[PDB]
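Working notes, beginning with the structure itself.
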Amino acid sequence: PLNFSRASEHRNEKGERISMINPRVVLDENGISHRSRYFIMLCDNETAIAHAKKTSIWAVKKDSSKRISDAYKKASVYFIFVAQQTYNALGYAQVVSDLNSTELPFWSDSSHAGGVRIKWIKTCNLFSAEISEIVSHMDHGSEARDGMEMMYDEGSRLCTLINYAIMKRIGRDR
RNA sequence: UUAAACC
């Protein structure tokens, strides 16, 4: 079972922090991998998520746009989509363009900085108690804030849990 | 709906 209480204590022989799931993955002092970075999208709008599952365009919020665009410079960047009120996992996707003002989804509003293209990896409408728990403690033990970056081990565990449910025919949406 | 990466 994953426990972050001692995550800072997982270290290699050089003193670098390493992942609790895969000890070969070197992390910064925030638990983030320079190679693979994960952001949560807390979805409150059925129209937006259904349109994004069809068209693969997402609107990024002003408050998280700079950090996401900076992460896209040298890492693979993933968005994990979670329904805000129920914490159902809706899927996860890789960001395959940077922020731009040329291609916006029609549902974007003044909260959004611009658009990105995504490539869906899995889609679902899934309840999992461990996904719920990870989202509920993502901000230092308190609930995730929309657009926040999470730790490598949180992103990787969420992808594993989504994949596992889909392969068991649980929470599929297609 | 075969995560990616690392091995």
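For the numbers below, each heavy atom of this structure counts, side chains included, while hydrogens, waters and symmetry mates do not. Protein chains get the first letters and strands the later ones, always in sequence-line order, with residue 1 at the start of each.
Screening residues 111-147 of chain A for ring-ring contact (aromatic ring centres under 6.0 Å, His included) gives A:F81-A:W120, A:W107-A:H112 as the qualifying pairs, with residues at least two apart or on separate chains. Under the side-chain hydrogen bond (donor to acceptor under 3.5 Å, both in side chains) criterion, the residue pairs touching residues 125-134 of chain A are A:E130-A:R157, with sequence neighbours excluded. The side-chain hydrogen bond (donor to acceptor under 3.5 Å, both in side chains) analysis of residues 158-174 of chain A, with sequence neighbours excluded, yields the pairs A:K53-A:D173, A:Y92-A:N163, A:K122-A:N163, A:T123-A:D173, A:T123-A:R174.
Scanning for side-chain hydrogen bond (donor to acceptor under 3.5 Å, both in side chains) contacts around A:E143 gives an empty result, with sequence neighbours left out. Applying the ring pair (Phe, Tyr, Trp, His ring centres under 6.0 Å) test to A:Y78 and every residue at least two apart in sequence or in another chain returns A:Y38.
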Please set out all donor-acceptor pairs under 3.5 angstrom arising from side-chain atoms of residues 56-65 of chain A, sequence neighbours excluded.
from  : atom 1 : to     : atom 2 : distance (Å)
A:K61 : NZ     : A:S111 : OG     : 2.8
A:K62 : NZ     : A:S110 : O      : 3.0
A:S65 : OG     : A:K62  : O      : 3.2

Would you give me the side-chain donor-acceptor pairs under 3.5 Å for residues 69-77 of chain A, sequence neighbours excluded?
from  : atom 1 : to    : atom 2 : distance (Å)
A:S69 : OG     : A:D98 : OD1    : 2.7
A:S69 : OG     : A:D98 : OD2    : 3.4
A:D70 : OD1    : A:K73 : NZ     : 2.9
A:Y72 : OH     : A:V96 : O      : 3.4
A:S76 : OG     : A:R35 : NH1    : 3.0

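The CD atom of A:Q85 sits 12.0 Å away from atom SG of A:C43, with the distance rounded to the nearest 0.5 Å.
Non-hydrogen atoms lying under 4.0 Å from RNA chain B are contributed by A:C159, A:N163, A:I166, A:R172, A:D173, A:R174, all within residues 157-174 of chain A. Residues from residues 69-84 of chain A placing a heavy atom under 4.0 Å of any atom in RNA chain B, listed by number, are A:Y78. Of the residues in residues 46-55 of chain A, none has a non-hydrogen atom less than 4.0 angstrom from any atom of RNA chain B. Within residues 24-44 of chain A, the residues having any heavy atom closer than 4.0 Å to RNA chain B are, in order of number, A:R24, A:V25, A:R35, A:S36, A:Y38.
The pair A:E29-A:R11 counts as a salt bridge, with a side-chain nitrogen and a carboxylate oxygen less than 4.0 angstrom apart.
Partner A:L161 forms a side-chain contact (heavy atoms from CB on, under 4.5 Å) with one of A:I166, A:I134, A:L126 and no other, that one being A:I134.
Checked by atom type and distance alone, the side chain of A:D153 never pairs as donor or acceptor with a backbone atom of A:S19 at under 3.5 Å.
For the pair A:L158 and A:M150, the minimum side-chain heavy-atom distance is below 4.5 Å.
Counting all heavy atoms, side chain and backbone alike, A:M148 lies closest to A:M138 at CE-O, 3.4 Å. The two residues A:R37 and A:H34 come nearest to each other via the heavy atoms CD-O, 4.4 Å. Heavy atoms only, all atoms of each residue included: A:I40 and A:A144 are closest at CD1-CB, 3.9 Å.
Taking every nucleotide of RNA chain B with any atom under 4.0 Å from a non-hydrogen atom of chain A, the first and last of them, 5' to 3', are B:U1 to B:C7.
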